[PDB]
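Down below is the structure, laid out as C-alpha cells.
Rule-based calculations on the coordinates, nothing more; no lab input. Using ideal geometry, Cβ is built from the backbone for each residue, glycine included, and neighbour counts are taken over all protein chains shown.
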Amino acid sequence: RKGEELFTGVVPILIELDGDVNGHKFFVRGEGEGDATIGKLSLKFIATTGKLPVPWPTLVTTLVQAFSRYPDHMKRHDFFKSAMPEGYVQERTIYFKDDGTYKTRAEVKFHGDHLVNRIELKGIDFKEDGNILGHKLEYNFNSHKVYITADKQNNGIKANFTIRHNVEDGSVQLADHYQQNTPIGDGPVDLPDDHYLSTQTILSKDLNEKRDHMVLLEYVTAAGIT
Ligand SMILES: [Br-]
Ligand SMILES: [Cu+2]
Ligand SMILES: [Cu+2]
C-alpha cells in the first residue's frame, strides 16, 4: 500500500506530454506496463496532434524511473518508489549542443491503480534546419548511465548526464541533461547514497499504426553500491 510495496508485480502506465518547441505545439499519449522486479518497461506512444515537430528519440528521457530494478542490497537507496503513491515532481533542463533547449516539468504518481507521468515541455532557441527540427536523428537510442545523487537541501535527488544521439550523417548530437526530483507529499522518503542507473532502450514501429508513433522497450538496473 506504500512505496516499494506498490511495485511487487506488473503495474499499468499512462503518460501524457504537452509540448511546445519553437511555437510548434504537440501532444503525446503513451500507454503500457512496467515491472520493477525485472526493470522492464513496455510502452507505445502516439502523437495526437499529427506529425511530431521533433524526433521521437529526443523525447525518450522525458517520457518513470520508479520502474528501475533496484537489487535487494540497494533497496534503501530507491527514492523513486519511496515517494509513492503521492509521487514526485521531475524537472529537467536539456541542452542540445549547438542547438536549442528543452525545459520539462512532470508529475509522476499513482492515479488509482495506474502509474501516471504527466509532463509539460517547452523548447526554445532551436535551429529550424538543425538536427532536431530538421529531423536528422537516427531512430534508435543507445545505452546510458545516469548517476543519481541526494539533494538533501530539498529531500530529493539530482542527476546530470549526457545523451548521445546518433545523427544520420554519422556525427553525434549531444544532449546535456540536468535533473531534479522533489517529493509531492511530505511523508518521509529514502535519500540515497551516490549510485547510477544503467539503461537500454529499443525503438520500433507498429506497421498497422497510421499516426506518428513510437513503440518502446527498456531495461534499467541500479548499480554502484556493494
Ligand atoms: Br533543472
Ligand atoms: Cu490501464
Ligand atoms: Cu481515472
Computed, not fitted: 222 nm per-residue ellipticity of the chain from DSSP H runs ≥ 4 (each -39500 (n - 2.57)), nearest 500, equal to 0 deg cm²/dmol
Long-range amide H partners of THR49 with built H, under 5 Å
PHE27
P(r) of the range 56-142 in 10 Å steps, Cα pairs, percent per bin?
15, 36, 29, 17, 3
Please list, or write none, the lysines whose alpha carbon is within less than 25 Å of the alpha carbon of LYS44, excluding same-chain residues fewer than 8 places away.
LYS25, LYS81, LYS103, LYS109, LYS122, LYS136, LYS145, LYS205, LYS210
Computed on Cα atoms, Rg of the range 138-218 relative to 2.2 N^0.38 Å comes out at 1.45
Taking a cut-off of 29 Å, what percent of all Cα-Cα pairs in the chain are separated by more than that?
23
What are the ³J(HN,Hα) couplings of the range 29-42, residue after residue, when phi is run through the Karplus curve with 6.51, -1.76, 1.60 and θ = phi - 60°? Round to Hz, x for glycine and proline.
10, x, 9, x, 8, x, 9, 6, 6, 10, x, 10, 10, 9
With label points built 7 Å along Cα→Cβ from the Cα atoms of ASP186 and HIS135, find their separation and express it in nm.
4.9
If the cut-off is 14 Å between C-alpha atoms, which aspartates and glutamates fall inside it for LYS97, apart from same-chain ones fewer than 8 positions away?
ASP125, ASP176
How big is the charge dipole of the chain about its Cα centre, in debye rounded to the nearest 20, if each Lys and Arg gets +1 on its Cβ and each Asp and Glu gets -1 on its Cβ?
100
